[PDB]
Every structure is written in structure tokens, then in C-alpha cells.
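As a plain string of letters, each chain reads:
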There are 2 protein chains.
Amino acid sequence: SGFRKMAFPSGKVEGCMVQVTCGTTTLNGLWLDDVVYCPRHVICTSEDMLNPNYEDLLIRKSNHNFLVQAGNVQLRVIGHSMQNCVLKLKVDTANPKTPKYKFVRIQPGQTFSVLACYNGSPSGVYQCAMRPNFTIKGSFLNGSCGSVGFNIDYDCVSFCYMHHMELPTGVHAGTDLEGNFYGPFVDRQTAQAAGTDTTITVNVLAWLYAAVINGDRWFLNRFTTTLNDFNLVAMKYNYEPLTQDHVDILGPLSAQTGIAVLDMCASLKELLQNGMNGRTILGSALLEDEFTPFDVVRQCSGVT
Amino acid sequence: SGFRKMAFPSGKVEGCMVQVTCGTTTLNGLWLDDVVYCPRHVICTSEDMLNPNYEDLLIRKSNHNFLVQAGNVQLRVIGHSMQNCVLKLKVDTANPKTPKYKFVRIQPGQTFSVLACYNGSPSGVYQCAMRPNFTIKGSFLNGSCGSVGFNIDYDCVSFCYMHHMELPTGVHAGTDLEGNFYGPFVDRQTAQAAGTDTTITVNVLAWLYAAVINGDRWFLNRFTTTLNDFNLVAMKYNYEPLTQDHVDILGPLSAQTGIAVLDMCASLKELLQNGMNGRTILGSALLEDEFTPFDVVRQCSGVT
Ligand SMILES: O=C(Cc1cccc(Cl)c1)Nn1cn[nH]c1=O
Ligand SMILES: O=C(Cc1cccc(Cl)c1)Nn1cn[nH]c1=O
């Protein structure tokens, strides 16, 4: 027992990290097969970032201007192309450490692990959620660009995020591996509005189920609610409206605990309306929304 | 910017995990060079665990009774010996993936990453602290025994923990890599008292410094305190007494922020006495003690 904010083991991703340098700029790249993927802003200088014309900036670059180093060894760049906000550098060597992988575009509210990197070297790993407003609240300093987010299903790594920037608000924005930003963001040093964020209701309910499984049950009450009534409370408290699709995904947890989803909704309603009264749930004094129902099942069953 | 509970990249440790089976029991082992280390209770059945005579139970076992499997391949066991609560199985093949490593015994209040494993396969990684009472609050199910805790300094892995058991209270106990338990615990299914735990004061102060660096500063006040006055408050609230050695380790953070350690102590005193008044610090509604001053510096400087 016990419930922790667990990241996937990062070994398969560590074997893909490389350093990419273009001119004066260095960031991280992801080497899979014979392609290295990195943020296209590796071609910008500080002056360029205020309003870069990426097409024109890339035309001044040749394959030999992109220095790709896999720790000790240098990769030979034989092609370059820009796809949305990513550059794809074709190298003459397939990464011997390429795991089975997929590129996926995750949905807001889904979770993933991030391997924070600097100069092509992994510094740490943490689990996070894609906010409903398509930002992530990460830990990324200058040079972390190109660090990736991923999930792992047995031996297959699904890459879902590449880090590109920190908004002036301190939250993070990035793309899928085809270079499409999550959210309205553009790769330009301009103030950019992140939409109104909300709490991921289905994840908070999943986490309350994890809490009951792991011994914390003080918040369970004698009440029930309906989706309509619960959603009036979700509205007041900036929680995502709960749908039958969310109730359905909570099915396995409801079955394992014997606590009907609407009954857990009534516990959540009372916690929203009354707070925690100075108590904790799974070591947290707030309602945690970074665990999906799949995360809770995986962690509670010991999947490898 | 941004501050997360970050674990070390686990790749170097994933390459050392193996499955160890003895009779009906399977758990994880750590293969380094030509030795596999695992909890000695791999030799016990359920009946044995109430009061095992490990010496007698080990005498009924031969090298061929220990099945060691490194994912796909079987290791040949050519020796076995018990050292404290660990078994050391000498194998005929050195692990080709053995990283540079050390065995260290960490101090209470220090942090480390855990690679949770089942059947020799890594499931996830999380960061945690060794409590002042020598327990850890982990995420470990049946079969996670043998999963290890570690820190990484560039290319060197310092292994500090091997998981052995879950106390009836749901907290976790284990050993260093020489098989010595942290704390008063014994590897027996008996109710065992974990001492009174305390909050790791130096870590909470380090985390308040991380909060100021990363933009959260509402808790800073116009006050100062002394070590004696602060320790009277630490006493009332079950915090570890602060010493000059702790003040000294906070030196770099005090220098970087310009906030004297005793002034941060006065902010901590007011937070202990008044609570958070429904506010958060680095996304937490409680005072976080799982980041050491070294962790905060490492994370804030981007060390790889
Ligand atoms: O944000 C940037 C550079 C950048 C600035 C503006 C736009 C773009 Cl695409 C990139 N780096 N950065 C700084 N702290 N964290 C982090 O990721
Ligand atoms: O605690 C044990 C077995 C055990 C029981 C009693 C003593 C000893 Cl040494 C081992 N496994 N376990 C169960 N949930 N988490 C976890 O680690």
C-alpha cells in the first residue's frame, strides 16, 4: 500500500536524449531511429525570439550547422526539415537504443512523465498532467527545451510532449512530436494568454478512490448526489463538468471499492463546500488532480 | 522556473533489476558486477514470516534453489551468503549494465529516488525522504521487496535503500545494501513500533527558499527570530530542532535569495502558528519536508 506521484521508469527515454546546438543556442533533441527531433527555436538567437521568421531563419542553416552530440559521440546530419514547431534532423546512424515507440497527442487531463534534460543530459523525472488549458506546471529552466513527456505501455514508449517555452506566468507550453502546440501558444517571446484553467474532476475522484483503497476514508459520508447537482458545485468551484464517460472510466474503481461513483461525487461535493478542516488525504492538504483513473489502477495493481 | 518532486533518472538502476525466486517466493534483486543482492526473506514461506530462523531456513537452500532471471536470461548462481538481512548471490556473469556505484547508509531527513519493481520489472520511480524515525512513506505492494532507493552524482549511483516490508501502519521499512535495517525494525511479520516521527525542519526551510526563488513569496514577513525561540515553536509543532549545522547547509540558499536563515525561520514560525489561511506554496497546502537544501540547489541550477 501507499500512494505516490509516480513517474514511469525513464531508461528507455534517457537512451534517446541528445544535445542539439545551432550557432549560439543549445537545447535537447530526441534521437529515434535515424531522426533527431528538437524545438525549431534552436535556430534563433535572443533578438530573433521576439518575432522569429522561422522559414527565413532556417534557410540560412545547412546540415553542418546543426551539431548533434549523443553524450560522447557526434552524429552526422544528412537532412533537415521543419514540421510545425519541430525540426527533424536526419542523421546517418539509427539510434541503437531506440525503444519501441509511438507519437501520440494526449488529451487535456491526461498525465505523463517528463524527463527534464540540460545539454542532452537527463537531470530528473517527474509526473504531471496536461492542464485542461493545455499548459503544464513543470520544472524547466533555460536549456530544458527539447525535454520530452511520455507514457510507457510494457515495452512501448508513447511520446506525447516536447517542451518549448515558459510563459511569463511561469507555466509551461510545448508541442506533440509532430510540432503542434498544445493550446493556443506560439513559439515567440510574447505575452500569451493561457485560458481559464479548471480542476480535472475525474482525476480528483480517481484519487479519492486511491485514498479509500490505501486507508484514508474520513471524507466518506452518508450522502449521494446526481450528475446535475454535482455539476452545479463543479461549476462554482471551477471543476470540469463530470460526464457519463468519466463515470464509466471510474467503473473499475467503483467496483473494487464498492463505492458508487455518485456517492464519491457527494464526498467530493462536501470537501469542495467545506474544505479539509485541517486534515489530509494521501499526505495532501488539497484535492489532487494529477492521477487519472488508469494511473490509480496501474499503481494499485503493480503493473510493470 | 517551477518546482517539482523530481526523482533521479532511473535508467542506470533499471539495468540492474532482476527477479529472484526461491521456492514459492518471488521478489526483486539488484545485480551489480557478479553479485545479486535481495531481501533474505525470499527464503521464507508465509508460515515462516511470523518468526523466521533465517540461519536454519538458509541451510535448507543450495545455489540451484535461487532462480535469478534478468528479464529474458537466467543467471547461474555459484555462491550464496547472508549478510545481516540481505542475501548475496554470486553469479557467474558480471552485469554488463553495472554502472559506477557505491553503497551508502543515508541519514534520516535525507532524500532518495525509489525504483518500484515487481518480478524484476520496473513499474515507476518516485522521490521520497527517509523519515527522522527511519521509515519511508512509499508506494509498495506485495512483490515490491528488493526494490531499491538511490541517489546519482553525475555517473555514480549511490544505493542507499532496499525495501523489505510494510508495517501494519502502512509505512515502509528496509535496509542499507549491507542488509542493516534503518530504524528498529526486524524482518518478521510482527507489529513493530516506529518511533515518534517529526517534520524535517531544514528541508521545510529549503523548500521555502525554493518557493521564494520560484515566485511564491506571500509567506515572507517583517519578522526575525533566534534559534532558541524558533526551537520552542519547533518543539510545540513536532519539528526537528534546528542547529547551526542546518543553518550552515542553508547558506547557499540564503545567499542566493538575500533572506537570512533566521528571517526564513520567522516566516516558518508564523506559518506553523497561523497555518496557510487557505493559500498554497509551490502547489502544496502543507509544509513540504521532502526536499533537502542540496535538492533545492540541484533543481534550481539544472544539474545533470
Ligand atoms: O522559455 C524558454 C525560452 C523561450 C522563450 C520564448 C519562446 C520560446 Cl519558444 C522559448 N526557456 N525557458 C526558460 N525557463 N524555462 C524554459 O523552458
Ligand atoms: O511487507 C511485505 C512482506 C513482509 C511482511 C512482513 C515482514 C517482511 Cl520482512 C516482509 N510486503 N509488502 C506488502 N505490502 N507492501 C510490501 O512491501
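Residues numbered from 1 in each chain as written, not as in the entry; some residues may be left out. Chains lettered and ligands numbered in written order. Heavy atoms only, no water.

Per the deposited record, the coordinates in this entry were obtained by X-ray crystallography to a resolution of 1.419 Å.

The PDB entry lists chain A under the name 3C-like proteinase, with Severe acute respiratory syndrome coronavirus 2 as the source organism. The PDB lists this entry under the title "Group deposition SARS-CoV-2 main protease in complex with inhibitors from the COVID Moonshot -- Crystal Structure of SARS-CoV-2 main protease in complex with JAN-GHE-5a013bed-4 (Mpro-x10604)".

Undergrad: What am I meant to see in the overall build of chain A here?
TA: Within chain A, the secondary structure is distributed over 8 helices and 13 strands. A compact globule built from 304 residues would reach a C-alpha radius of gyration of about 19 Å, and chain A, at 21 Å, matches this within 12%. A fraction of 64% describes how many contacts in chain A between residues 6 or more apart in sequence connect residues 24 or more apart. In the structure as shown, chain A presents an accessible area of about 12,700 Å², 49% of it carried by carbon and sulfur atoms. (Helix = DSSP H or I, 4+ residues; strand = E, 2+ residues; numbered from the N terminus. Rg over C-alpha atoms; globule rule 2.2 N^0.38 Å. Contact = heavy atoms within 4.5 Å. Areas by Shrake-Rupley, 256 points an atom, 1.4 Å probe, with all protein chains shown as cover.)

Undergrad: Looking at this structure, I do not really get the domain arrangement of chain A. What am I missing?
TA: Interface size is commonly expressed as the accessible area that is lost once the parts come together. Residue and element names in this part refer to chain A. Segmentation of chain A into domains returns domain 1 (1–14 + 100–197), domain 2 (15–99) and domain 3 (198–301). Centre-to-centre separation of domain 1 and domain 2, based on C-alpha positions: 18 Å. Facing the 35 residues of domain 1 at the interface are 27 residues of domain 2. Surface buried jointly by domain 1 and domain 2 totals about 2,400 Å² across both partners, of which 55% is contributed by carbon and sulfur atoms. Linking domain 1 with domain 2 are 1 salt bridge. Summed over the shared surface of domain 1 and domain 2, the result is 20 residue pairs in polar contact. Of all elements in the fold, only helix 1 (11–14), strand 8 (100–103), strand 9 (111–118), strand 10 (121–129) and strand 12 (156–166) reach the threshold of two or more residues within the side of domain 1 that touches domain 2. (Domains from an automatic or database assignment. Buried area = accessible area lost by both parts, 1.4 Å probe. Salt bridge = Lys/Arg side-chain N within 4 Å of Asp/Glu carboxyl O. Polar contact = N/O pair within 3.5 Å; in protein donor to acceptor, adjacent residues only side chain to side chain.)

Undergrad: Before we go on, may I ask you to explain the relation of the copies chain B and chain A in this structure?
TA: Both copies of the chain are tied together by a single rotation about an axis and a shift running along it. With an RMSD of 0.0 Å, the fit of chain B onto chain A corresponds to turning through 180° and sliding 0.0 Å along the axis. Within this description, the copies of the chain are treated as partners about a two-fold rotation axis. By C-alpha distance to the rotation axis, the residue of chain B lying nearest is B:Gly11, at 1.8 Å. Both copies present the same face, since 100% of the interface residues in chain B are matched by interface residues at the equivalent positions in chain A. (Least-squares fit on C-alpha atoms.)

Undergrad: What should I look at first to understand the side chain of B:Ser267 in this one?
TA: One can find B:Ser267 in helix 7 (residues 261–274). Non-local contacts of B:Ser267, meaning those with residues more than four positions away in its chain, are made with B:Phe219, B:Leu220 and B:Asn221.

Undergrad: Just checking my understanding: could you explain the sheet that holds strand 2 (residues 25–32) of chain A for this structure?
TA: Strand pairs in the sheet, formed through backbone hydrogen bonds, run parallel or antiparallel to each other. All names here are of chain A. Across the sheet, which stays open at both edges, the 7 strands sit in the order 5-4-1-2-3-7-6 with antiparallel pairing between neighbours. What marks the edges here is a single partner per strand, and that holds for strand 5 (73–75) and strand 6 (77–83). Neighbouring strand axes in the sheet, compared pairwise and without regard to direction, differ in orientation by 30° on average. Relative to strand 4 (residues 66–70), strand 1 (residues 17–22) runs antiparallel, the two sharing 4 bridges. Of the residues in strand 4, the one forming a bridge with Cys-22 is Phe-66. (Pairing = 2+ DSSP bridges. Axes fitted to C-alpha atoms, helices over the stretch in contact; angles between N-to-C directions.)

Undergrad: Help me out: how do you make sense of the site of ligand 1 in this one?
TA: All names here are of chain A. Surrounding ligand 1, one finds 14 residues, the nearest of these being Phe-140, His-163, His-164, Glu-166 and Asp-187. Note that a nitrogen atom of ligand 1 is positioned 2.9 Å from one of the backbone N or O atoms of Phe-140. A distance of 2.9 Å separates an oxygen atom of ligand 1 from a polar atom in the backbone of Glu-166. Contact with the protein chains removes 86% of the 420 Å² of surface that ligand 1 exposes when unbound. Tallied by class, residues from the shell around ligand 1 come to 5 nonpolar, 6 polar and 3 charged. (Near = heavy atom within 4 Å. Nonpolar A, V, L, I, M, F, W, Y, C, P; charged D, E, K, R; others polar.)

Undergrad: Where do I start with unusual backbone geometry in this structure?
TA: Trans peptide bonds make up most of the peptide bonds, and negative phi angles are found at most residues other than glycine. Look at A:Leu282: it is not a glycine, yet its phi comes out positive at around 50°. Positionally, A:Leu282 belongs in the loop between helix 7 (261–274) and helix 8 (293–301). With a phi angle near 65°, B:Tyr154 is a residue other than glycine that sits in the positive phi range. Mapped onto the elements of the fold, B:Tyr154 is located in the loop between strand 11 (148–153) and strand 12 (156–166).

Undergrad: Please clarify how the site of ligand 2 should be interpreted in this entry.
TA: Residues and elements named next belong to chain B. Residues in contact with ligand 2 amount to 14 residues; listed here are only the nearest, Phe-140, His-163, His-164, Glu-166 and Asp-187. The side chain of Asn-142 places a nitrogen or oxygen atom 3.5 Å from a nitrogen atom of ligand 2. One nitrogen or oxygen atom from the side chain of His-163 is found 2.7 Å from an oxygen atom belonging to ligand 2. Coverage of ligand 2 by the protein amounts to 85% of the 420 Å² it exposes when considered alone. Within the shell around ligand 2, the residues separate by chemical class into 5 nonpolar, 6 polar and 3 charged.

Undergrad: How do you make sense of the interface of chain B and chain A when you look at a structure like this?
TA: In this complex, chain B contributes 43 residues to the contact, which on the side of chain A involves 43 residues. Approximately 3,000 Å² of surface area, both sides summed, lies buried where chain B meets chain A, with 53% of it carried by carbon and sulfur atoms. By the criterion of area lost to chain A, the three top residues of chain B are B:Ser1, B:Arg4 and B:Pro9, representing 24% of everything that side buries. The interface formed by chain B and chain A contains 2 salt bridges. In this structure, A:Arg4 engages B:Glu290 in a salt bridge whose closest nitrogen and oxygen atoms are separated by 2.8 Å. For the pair chain B and chain A, the number of links is 23 residue pairs in polar contact. Contributions of two or more residues to the side of chain B that touches chain A are made by helix 1 (11–14), strand 9 (111–118), strand 10 (121–129) and helix 8 (293–301) of chain B.

Undergrad: How should the nonpolar core be read in this particular structure?
TA: Nonpolar side chains tend toward joint burial in soluble globular proteins. Ranked by internal contacts, the top residues of the largest apolar core, which has 40 residues, are A:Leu30, A:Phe159, B:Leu30 and B:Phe159. With near-sequence residues (within four places) excluded, A:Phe159 lies in contact with A:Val13, A:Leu30, A:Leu32, A:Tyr101, A:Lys102, A:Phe103, A:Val104, A:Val148, A:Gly149, A:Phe150 and A:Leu177. (Core = buried A, V, L, I, M, F, W, Y, C linked by side-chain atoms within 4.5 Å. Buried < 20%, exposed > 50% of the residue type's maximum accessible area, 1.4 Å probe, protein only.)

Undergrad: Please clarify how the packing of aromatic side chains should be interpreted in this entry.
TA: Two measures describe an aromatic ring pair: the distance that separates the ring centres and the angle between the ring planes. Residue and element names in this part refer to chain B. Here the structure, examined in full by the defined rule, presents 20 aromatic pairs over all chains. When the ring of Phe-134 is compared with that of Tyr-182, the centres are 6.5 Å apart and the planes differ by 20°; the resulting orientation is stacked. Remark: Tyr-182 occurs in the loop between strand 13 (172–175) and helix 3 (201–213) and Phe-134 occurs in the loop between strand 10 and strand 11; sequence separation between them is 48 residues. With relative accessibility at 25%, the residue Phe-134 sits in the partly exposed group. Exposure remark for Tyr-182: the relative accessible area of 0% places this residue in the buried category. (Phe/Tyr/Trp six-rings, centres within 6.5 Å; stacked < 30°, edge-to-face > 60°.)

Undergrad: Help me understand helix 4 (residues 227–236) of chain B, please; the structure alone is not making it clear to me.
TA: Two residues of an α-helix separated by three or four positions point the same way, owing to the 3.6 residues in each turn. Residues and elements named next belong to chain B. Buried within helix 4 are the following residues: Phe-230, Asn-231, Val-233 and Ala-234. Along helix 4, the residues classed as buried sweep out an arc of 160° about the axis, all on the same side. Across from the buried face of helix 4, at angles greater than 90 degrees, the exposed residues are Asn-228, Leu-232, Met-235 and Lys-236. Looking at the buried positions of helix 4, the neighbouring elements they touch are helix 3 and helix 7. Count one or two residues on from helix 4 and you reach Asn-238, which has phi positive near 55°. (Arc of directions from axis to C-beta.)

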